[PDB]
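Protein chains in written order, with the entry's author numbering: chain A, 6 to 338, 397 to 462; chain E, 6 to 338, 397 to 462; chain D, 6 to 338, 397 to 462; chain C, 6 to 338, 397 to 462; chain B, 6 to 338, 397 to 462.
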Amino acid sequence: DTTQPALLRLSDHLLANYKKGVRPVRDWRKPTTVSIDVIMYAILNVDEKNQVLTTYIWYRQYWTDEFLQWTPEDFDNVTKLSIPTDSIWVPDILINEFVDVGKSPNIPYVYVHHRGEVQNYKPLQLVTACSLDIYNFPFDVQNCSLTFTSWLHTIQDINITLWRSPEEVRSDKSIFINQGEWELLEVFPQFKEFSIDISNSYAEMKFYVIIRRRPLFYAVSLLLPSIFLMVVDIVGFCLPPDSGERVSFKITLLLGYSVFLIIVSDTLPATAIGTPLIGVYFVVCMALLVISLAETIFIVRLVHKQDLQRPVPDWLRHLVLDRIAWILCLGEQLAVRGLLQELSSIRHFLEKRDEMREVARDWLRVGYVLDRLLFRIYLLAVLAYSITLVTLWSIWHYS
Amino acid sequence: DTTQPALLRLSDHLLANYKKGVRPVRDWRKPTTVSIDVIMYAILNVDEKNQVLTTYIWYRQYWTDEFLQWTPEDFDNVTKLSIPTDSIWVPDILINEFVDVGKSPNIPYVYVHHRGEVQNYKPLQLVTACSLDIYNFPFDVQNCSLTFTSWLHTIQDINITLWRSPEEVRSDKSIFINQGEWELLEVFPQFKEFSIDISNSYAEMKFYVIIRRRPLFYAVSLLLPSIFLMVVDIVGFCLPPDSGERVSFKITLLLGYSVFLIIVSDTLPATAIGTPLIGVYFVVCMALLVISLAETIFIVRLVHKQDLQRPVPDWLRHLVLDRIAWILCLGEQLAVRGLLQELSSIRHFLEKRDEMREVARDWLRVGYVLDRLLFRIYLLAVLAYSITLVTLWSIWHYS
Amino acid sequence: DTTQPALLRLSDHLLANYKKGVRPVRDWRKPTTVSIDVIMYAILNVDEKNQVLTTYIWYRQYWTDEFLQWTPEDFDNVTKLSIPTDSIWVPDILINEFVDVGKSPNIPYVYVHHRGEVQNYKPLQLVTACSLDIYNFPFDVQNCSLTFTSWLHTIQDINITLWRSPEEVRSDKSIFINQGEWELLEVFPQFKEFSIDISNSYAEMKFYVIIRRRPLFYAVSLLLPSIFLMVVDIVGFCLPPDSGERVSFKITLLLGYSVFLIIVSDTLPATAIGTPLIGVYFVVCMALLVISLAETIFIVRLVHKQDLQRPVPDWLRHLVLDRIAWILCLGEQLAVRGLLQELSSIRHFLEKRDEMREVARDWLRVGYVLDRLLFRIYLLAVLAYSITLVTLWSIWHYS
Amino acid sequence: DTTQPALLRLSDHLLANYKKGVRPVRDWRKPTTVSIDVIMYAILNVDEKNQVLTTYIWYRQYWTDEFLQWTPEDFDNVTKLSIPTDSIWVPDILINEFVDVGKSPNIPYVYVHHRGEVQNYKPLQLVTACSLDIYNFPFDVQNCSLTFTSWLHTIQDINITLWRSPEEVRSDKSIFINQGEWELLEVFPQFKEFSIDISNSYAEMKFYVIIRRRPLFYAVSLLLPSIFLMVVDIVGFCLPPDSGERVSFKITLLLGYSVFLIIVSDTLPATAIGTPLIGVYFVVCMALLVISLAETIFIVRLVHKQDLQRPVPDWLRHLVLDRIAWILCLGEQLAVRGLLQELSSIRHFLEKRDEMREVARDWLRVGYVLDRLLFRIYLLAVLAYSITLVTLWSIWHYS
Amino acid sequence: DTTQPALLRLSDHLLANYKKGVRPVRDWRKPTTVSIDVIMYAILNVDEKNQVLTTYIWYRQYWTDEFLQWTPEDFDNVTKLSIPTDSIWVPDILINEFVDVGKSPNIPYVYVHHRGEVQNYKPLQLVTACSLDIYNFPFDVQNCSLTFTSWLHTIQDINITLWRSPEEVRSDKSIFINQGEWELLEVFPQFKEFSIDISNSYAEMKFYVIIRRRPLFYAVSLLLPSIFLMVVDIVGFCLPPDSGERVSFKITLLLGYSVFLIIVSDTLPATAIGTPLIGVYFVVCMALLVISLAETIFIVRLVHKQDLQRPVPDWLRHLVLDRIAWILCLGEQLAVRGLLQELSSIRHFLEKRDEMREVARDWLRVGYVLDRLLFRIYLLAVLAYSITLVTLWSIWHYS
Ligand SMILES: *[C@@H]1O[C@H](CO)[C@@H](O[C@@H]2O[C@H](CO)[C@H](O[C@@H]3O[C@H](CO)[C@@H](O)[C@H](O)[C@@H]3O)[C@H](O)[C@H]2NC(C)=O)[C@H](O)[C@H]1NC(C)=O
Ligand SMILES: *[C@@H]1O[C@H](CO)[C@@H](O)[C@H](O)[C@H]1NC(C)=O
């Protein structure tokens, strides 16, 4: 029986007089240089209404003290050892974009070496407010800024450095949960110096993460209802307006766009500066089919069984030949005296009815020619609108 | 051998018989004059249904006690030193408007000086109540209350002061996230007094904060749908009511306006005094399309193939010389005796049918003139209300 | 060097052997009385589906112990002193209607006096269940119950009293947050006693809070939509049913009334005893428009070109000659054989068509007369129901 | 000066050498007997989508101690004494159905007797997972298992016993919050000895709580729109299909059932066993009005100006002579040669129009007889199905 | 007298100089192996949008100690003993894929043996992020991962092993709550060796849990409404398009299917991969009723009183007789001269009307033949799509 019980001789030796209130150095003029390694793991939820961001990052620590040194000689060759966190000095590195306390797993153990180098592997999910931008909403990048800093100390007590090469944290192809909502290309760290006056300067440092959304599910959620609405009203332009159900088709598909516009408004607020640049594509298409049903009401107004004023020849000998010669399909197009008064009144009434019928035939013929030319012009206009859509999307296939 | 271990000697010297429970003074009659300072950082969310405000500010504290003092000589000339917070005296400054406990990240270290001055850097989230005004809804100036006061001690024990000039916190345009939803005009602190009875007076000192909404999301949300509904029904009056699908147009758009009034009800609540002035614009425009539906149902009632009483000349020859020529165009308009009874029996029915046709022509002509004049009057009324609305709205845009 | 550092001498004197677990008295047969002070500060959230009430109360405590007495004179005229709460005896008073732990900020300081009285200002959030009855839906009053009691103590251990006069807490119109949803008329404290058996008797005292909903924020959207639906269908009765768009207006507003019932159903439920009987007005209004479209289908069935027989004479003579005078001004409704046979064959067909036209004229004339009759009857019923509704609203303009 | 300050001498005699970690027995072969009393307060929310149940329990814990016995006489006759809970032995009575830790107000005090028993009046809220059944939807009864057990101890350590008779638990006339969603029938406790291994036997026992719904909101709320849809299409079968708006009425109420069916899609869940039987009664009456719009499209297909010939004799003797008679009222019904060539085409065209008019009269007469007989058969069918649903709800409602 | 109180002597013996900070062996070079025993209890919530998994598991631990040993001799042969968890060594191993810390029930008691092994029965409610797939939406398998790992320690101190056979945890069908949203098939554990560099390795161990959906709720919520509104339009193809209500019927249930396609984006998949397999059967169905609307407007455009010429015989003798012969049965279709001259214009007008009527008869005859042939072709296409759908669905249902 000798005086070698276990490896708890170190906890008997240097865990009796050491406390956590005082800063473990000898000369107070030399700062405690700390190092930061950031391995991002996953993001959870983006938000622009409350301007808040939720993420989950791994967190490494590297500092060096002076009260926790002993020799590897005659302590049974021990080098590293676990020690609880509530008995050593703990710094206060935190971002200054807090909105709430993030619930983090509480690990109780940290490292210590024989020369004074410690390790602190602990996880934390930080909730944060950051800058947002939606000026190109399906093709977006977010220049967000995380700022590790000391909330209460200065340059002279804690200096934040980085432990490894900045290329190794810029080229971080490490463990990241894919198949989510977003991607990242690279992570850009930067050291920064910030003073506010003489002899009160704090140790800030900046991060620049950039986040990139997949334009895949939002395409199948938003884009194609516009394109089959365009297919169905291009195919539904073709009914003749002499019945009256064409304006019924117009009011029912504008009611369809109305309920679709109620259901699509709950995508992004962008209440501050952000203009819905994708909403311009909606509103110019809505303007063109608004003037389409305006000319629908116009051509229903012109073509009707009215028995009114005769059509003018100036738009009959000039306007008709201008719209037929350029289009492909045009076509060409006493007792015996009482018997005479009766049949004369009968033939006068019948020729008046036949004249009104031929005038109404002329009205519907002019309306049909106008409908055909407007069919050609409107298909040319929607094909120009489709190629205007395509000529903006054709750049970003390679980017 | 020098006996000097570290700067731990000062902490082990003064933390021997010090307790955090007692209020640290030498004379108990002199009040501990404390000083506070406000660094506003962020606002989070509003709710006018529950009358609650959620924000996030940075916060500072200042006091001077008479037990945290020693000589700055012969201790390696140290001036400031970190100390834990749960071993010294902590005040209880709080607001009188708590509805919930905001989760706040603690800072386990505070400063001390050689003459007894301290420093307390800690943030804490403010979930508070605020009397909100909803009379002028899009152009709203608000006025909340953040009463930083004590909870037990009076003026004779704890007196609160400021730290810097009130102009420097009135023009506080420090670190503050932009691109949110509200700006601030100024922050106005003022020191007051409030005693409920004799020998009891607390330290009340308000912080009047003023926020202002950005009227940009509500415009693109619900202002222009009204104006293209206006261009739709203005260009959609123009179909003739002789068919009957104009009634279908009118029922479909008041169904659309009704369902858009349905969905917008559970979007923006306002329950302080009642309905805002924005609902005046809703009630006048629904009155406009109600009287529009009244006139359409009136002109469908007047113009119909009815075979009823002849049109009166007192509204025929009068209205052609009162409205038409003054506003519209001048578009004014046994072999014989037993055999010839069949022609009489035919011509009686023919002249009856022709007379009913000419009377129905007169009915539709009077209806066309009334439709034209009411269309012109309604367009003038809409233009007058539009120029009135823009000449009452164009003031707030020019500062 | 006198033997007085500070007032820490008392804080080390009577905190040397004072325990925190035993109830501080001299004899165990003497109950210690406590006091009750309740300030109805503000409400947070009401609910009837989960049956939970959430509010915040400024609350005070008062009791008297016998171990904390010392003389003021010879201890430098000290009367009051702050002391931590985790070193003294704390009672366990709490209501027995909790559903959740309300987050409340802790208060680490209480008073102490030299005669032995203490003073505890301790707020706590009330999230709790209560008896709610919302039978009278717009004009309601709730007799909710709060039951202050000890959890395990008896009358023989402690006792519950009230501090000031009960009139001063009954008329306690203190600091109260207005401009929300619920007012505060009065509260009613009442001391009771609930002894369940012999030698196990508990001490309780009640609070019957009286709160009243504002009939302004929901009354708008639950009253005037029905009002302009009434003005819409009253102005929409005007068209004749001969065109076929009156049934279109009828199906359109029944679809609007149905989707209005869809949006209004999920507002406030009542599942056990209380009924939605403010919707008895809703069920009589839907009975009104159901019988309205029923007589619409009836008059479309009676009036149509269906080619039926001559109508009933006795119901025609009493309607056209009598009932019209009741309701309005009445309205006063080989050559001999081979030649004439063709004229007679044309004449029989023409006179058959003319007789069918005159019979159909009689059909829609009787239809118009009956339309005017039940139109006047239904407008009399609508004005009677409207004056009944406004006088039943006018009962409650008393207090 | 007598040697008694207060009754603190017993606490000084007990709490000097008593550790809370050891199990308070004199021999390890004697298990401790505990007692269970359950008085349930109220249940809050049911959700079978997550299969979760939330309730609040007033429960008691009675166990027996062997280290805290002393004599009452010569210690001033004191019997019942308060003691904190964090200084004595606390068991681990938990259930094996926790999915979320319920927030509970901790009672810091318990009693102690001089015979050797203590009691703990401790609450905790339960967030439990239960097996739910939604087969019989309105009059449902559920069967949940609150299996009280020890999570780590065995029969050789503890033993779960009862305190009073289980008939007084089954006859629980105590405090229960009425006016909610559910109600109580009975509470049935049951002991169940359960072992899993050799010499590894735990202490289980069962609770089978019984709850019953009061169908006063959901029943009438999903009963009213179906029944006025029934009265609406009963009173709306009666308009004639000759106009063309009867199919507009039918598409209107099928769109109404579309929006009512999609608003009822967000209701109580399924897939525990399958769909409830309340959807079978929905889908069969939807199938019968599918047959109703099928016969509308049948009677519109048959009755139309299609320009065909006379119908087959065997079909018109069965439709206009059989079903119009034996089921209802019998609704019976040089120049002389030049003019010889004239008028022949006129009389041929007039007799062609006359025979087409008479054939079309036969068409809509057969259609009217079919409409009348289908009206009779459809009223009999909906009356039979309605009285069947009424009697199958009426016998099943009784007990 | 024997001064042996109880079994508290062994607790006072081994809990005298034992510390929970240092690791509990004598030779530090031997890693203490730990064992893992997992039985999953129930899952709570799945979320493909934020990619998070929520479940509740039962959990066990086993390790070997050298400082908590004693002898069974002369201590009343005691083996089972309770000891608090906050006074012994606790490992730090946890899941590498946490997001949020869930509230877990606290079990402060653990067993201890005399040889040096202990029990640890603690539960935990974990919140993890796992890989999901949304390709096969009704019948999916989820190869998830629950990686147990050491967050802070290496191989040289701890070592994660198993406890029982992997077949007994592979066929683990113990106490589990059925009748939920999912159901599990098997749990596949696997040992894993991870060496990131030289002399720094971690002890990971994998869990490949397998869960499978029962398509009962989403089937009855999704697939049969498509079935019966396709029943509605295949029974609604019956009417001829001459009335003008066939287009209105078609666009009405087109709007119904469109708003049901709007509302089906509530429980749809997320941005993980892209379009699900169920979206193909929806887009081909909307293509079917869009081309149905296209042939509807085509047959309305062809058959209308447009006042055009006779149809061309190039497509009349061949195409119209094709579907009449190779398909079912067809239908085989003194002024002497100045007095009688007032009939030529009359007979010309009547024969012109008769010729236009016969041409329009030819128009709707060709339209009726085209309607019948397209009815046959479309029912053949619907039956082919239905037999393709059931021969694709019959494979996965049989399994
Ligand atoms: C440990 O728990 C036991 C049950 O939770 C508790 O009850 C005891 O149960 C046994 C088994 O039934 C008894 O049985 C009696 O057996 C008779 C036949 O010999 C029969 O006629 C009776 O009806 C009973 O079933 C015990 O009598 C019963 N104990 C009591 C007090 O009722 C044990 O008591 C409990 N042990 C301890 C030490 O608390
Ligand atoms: C609940 O389940 C238990 C299972 O043992 C059974 O004994 C009991 O009868 C059930 N309750 C009812 C009301 O059927």
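Virtual Cβ for every residue (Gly too), placed ideally from N, Cα, C.
| task | Rounded to whole angstroms, what's the CA-CA distance from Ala330(A) to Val225(B)? Just pull it up for me. | result | Near 60 Å, if we compare the C-alpha coordinates of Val225(B) and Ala330(A).
| message | If the cut-off is 9 Å on Cβ atoms, which residues from the segment 292-316 of chain A count as contacting chain E, listed in chain order? | response | Contact residues of the segment 292-316 of chain A toward chain E are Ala292, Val295, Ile296, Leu298, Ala299, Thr301, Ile302, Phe303, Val305, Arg306, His309, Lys310, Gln311, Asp312, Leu313, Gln314 (C-beta to C-beta distance below 9 Å).
| said: Quick check: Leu307(C) and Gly430(C), are their CB atoms within less than 8 Å of each other? | reply: Their beta carbons are under 8 Å apart, which means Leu307(C) touches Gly430(C) by this criterion.
| Continuous alpha helix (DSSP H) stretch holding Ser253(C): start and end | That run of the alpha helix (DSSP H) goes 251-268.
| task | Examine ligand 1 and report whether any of its heavy atoms sits within less than 7 Å of the Cβ of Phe196(C). | result | Because some heavy atom of ligand 1 lies under 7 Å away, the Cβ of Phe196(C) counts as near it: yes.
| query | Taking DSSP as the reference, what is the three-state secondary structure of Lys211(C)? | reply | Three-state DSSP puts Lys211(C) in a strand.
| task | Check the Cβ-Cβ distances between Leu58(B) and every residue of chain A, and say whether any is below 8 Å. | result | Answer no: the Cβ-Cβ gap between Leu58(B) and chain A never drops below 8 Å.
| request: Flag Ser92(D) as yes if its beta-carbon sits less than 8 Å from any beta-carbon of chain C, otherwise no. | output: No, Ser92(D) lies away from the interface with chain C (no Cβ there is under 8 Å from its Cβ).
| field | Span separating the alpha-carbon of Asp91(E) from that of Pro77(A) | value | So the alpha carbons of these two residues sit roughly 37 Å apart.
| With a cut-off of 8 Å, does the C-beta of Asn148(E) fall near any C-beta of chain A? | No, because no Cβ of chain A sits closer than 8 Å to the Cβ of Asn148(E).
| In three-state terms, what does DSSP make of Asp42(E)? | When DSSP states are grouped into helix, strand and coil, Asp42(E) belongs to the strand group.
| query | For the segment 168-200 of chain D, which residues have a beta carbon sitting closer than 7 Å to at least one beta carbon of chain C? | reply | Cβ contacts with chain C come from no residue of the segment 168-200 of chain D.
| request: Determine the chain E residues that contact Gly401(A) at a beta-carbon separation under 7 Å, and present them in chain order. | output: The contacting residues are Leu403.
| request: Find the nearest neighbour of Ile98(A) within the set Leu403(A), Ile165(A), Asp238(A), judged by alpha-carbon distance. | output: Considering only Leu403(A), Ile165(A), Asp238(A), the residue with the shortest C-alpha distance to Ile98(A) is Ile165(A).
| field | Short Cβ contact (8 Å threshold) for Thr152(A) with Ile100(A) | value | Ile100(A) is positioned such that its CB atom lies closer than 8 Å to that of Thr152(A).
| task | Look at the Cβ atom of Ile41(E), then the Cβ atom of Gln66(E), and state whether they are nearer than 8 Å. | result | Yes, the pair counts as a contact, with Cβ atoms nearer than the cut-off.
| field | the segment 176-196 of chain E contacting the segment 120-132 of chain E, beta-carbon criterion three pairs below 8 Å | value | Contact fails: fewer than three Cβ-Cβ distances are below 8 Å.
| field | Proximal residues to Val269(E) (C-beta, below 8 Å), its chain only, five neighbours per side dropped | value | Cβ-Cβ distances below 8 Å link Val269(E) to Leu227 in the same chain, with the five nearest sequence neighbours on each side left out; the list follows chain order.
| query | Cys135(B): which of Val399(B), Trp75(B), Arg251(B), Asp52(B) sits nearest, CA to CA? | reply | Across the set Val399(B), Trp75(B), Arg251(B), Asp52(B), the C-alpha of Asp52(B) shows the shortest separation from the C-alpha of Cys135(B).
| query | For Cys149(C), is the classification buried or exposed, using 16 other Cβ atoms within 10 angstroms of its Cβ as the cut-off for buried? | reply | So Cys149(C) counts as buried.
| One or two residues paired with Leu151(A) in a DSSP bridge | By DSSP's assignment, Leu151(A) forms a beta bridge with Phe212(A).
| request: Report yes if the C-beta of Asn148(C) is less than 7 Å from at least one heavy atom of ligand 1; otherwise report no. | output: For ligand 1, not one heavy atom lies less than 7 Å from the Cβ of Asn148(C).
| field | Alpha carbon of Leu413(D) to alpha carbon of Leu234(B), nearest angstrom | value | Per the coordinates, the alpha-carbon of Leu413(D) lies some 49 Å from the alpha-carbon of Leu234(B).
| request: Please report the Cβ distance between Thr38(E) and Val30(E), rounded to the nearest whole angstrom; I am assuming they are in contact, meaning their Cβ atoms lie under 8 Å. | output: At roughly 11 Å, the Cβ-Cβ gap does not stay under 8 Å, so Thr38(E) and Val30(E) are not in contact.
| task | Would you mind stating whether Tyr140(B) and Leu282(B) have Cβ atoms separated by less than 8 Å? | result | Cβ atoms of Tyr140(B) and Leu282(B): closer than 8 Å.
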